[PDB]
């Protein structure tokens, strides 16, 4: 295939390609002008029997791969939430990919587990999380584990919550089947909760009810209390609440200070989904939204959104690691080792067996930037969003139907939804920026997420002017 000295040469060519790509990404159309199925006719119908040349493989990056790529690292990417890479993150995974160890148990590669434990403790401290989420605190029986997505972390929390409650019910009804007991359960989240919460219910067959929110689109204690009472009247057994800090649609925050005490009193697992907004908790001035965090049984966020670690890298912390491990535990002889009892085996904290050395890139990002520069990044992204917000606020054709707390601004043209729909359609023609919509009540809104750590005021104004140009066209039609 390729010799060591050729790897050295091709590695250099790839490093130089990447440097140029990330440095000039603004010049690219963010969304590609392609139709579904475009790639098939451009590739051979079968794998090559003999080696393709590296010149051909490398040449195909621009020739057939890039033409269909959405450039997520563009400052003109404003869709979804950010997913940011960075130089240190790249370098960290280069090492991990080379070692290519697996860390299902402590024994399968001690460093894979121990670096992760220590970095997850660092990161909990950086976020201002409770000490009972630390592996190494005297009062703790919890800890943080990396996962691949918030989706999976939320599912794990639900699985652990329902397994724990089922075990409790089984002590009183040992003759009852676990799946029969599961049928009694009900879980809750905001009607602004991400679709991953619904999906977790569908996968686990746990009834999931989505609760109304206030005028700030925040889930309040009164709504949860009302739901709990109504469901107990119907013979259902409340088991789990997902409270969201930084909702997908408008980046609202559920009222943890109200929801927490209810979950504690009613014995409900309280899981916090902070996928995006968790990174803001690096900055103490944004920690008002974390008030009540002491009531949480679990917490998750994505460094793979806003903290400049490339995907996959999700943080998931639990207060009670034993509850987590009673959900998943298997014990085949071929995975046993001398230190089972003392050592952390992360296979019991996750769905699959295998896991990789994701903590190298996390460690590298935190060390290379340092905390102060990560904080400065959050603050700058937020300032760029505040600038965009001001541009929109000052234009009387537009309205801003939700508050901007961080890097997401939502807005729409005054008038029927079709105007806003047509603006998005117009912008999609040139693909010079990428935006997607959401709904609040019966109003369609455009979401504008500030993404790239390199975004400047020039980038923001450029993108606003394209949006305004599209609005001017649509309003003339």
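Residue numbers count along the first chain shown, from 1.
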| query | Are coordinates for residue 336 absent from at least a third of the other PDB entries that model its neighbours? | reply | yes
| Comparing 214-222 with 246-254, which stretch shows the greater average C-alpha B-factor in the deposited entry? | 214-222
| 263-271 set against 74-82, stretch whose average Cα temperature factor tops the other in the entry | 263-271
| query | Among 436, 409, 43, 433, which residue carries the highest C-alpha B-factor recorded in the PDB entry? | reply | 43
| query | Considering only 355, 380, 323, 404, which residue's Cα atom bears the greatest B-factor as recorded? | reply | 323
| field | residue 336 - Cα temperature factor, lowest/middle/highest third of chain | value | highest
| When the modelled residues of the chain are sorted by Cα temperature factor, does residue 176 land in the lowest, middle or highest third? | highest
| request: Sort the modelled residues of this chain by their C-alpha B factor and say whether residue 121 lands in the lowest, middle or highest third. | output: lowest
| message | Ranking the modelled residues of this chain by C-alpha B-factor as given in the entry, is residue 183 in the lowest, middle or highest third? | response | middle
| Which third of the chain does residue 305 land in by C-alpha B-factor: lowest, middle or highest? | lowest
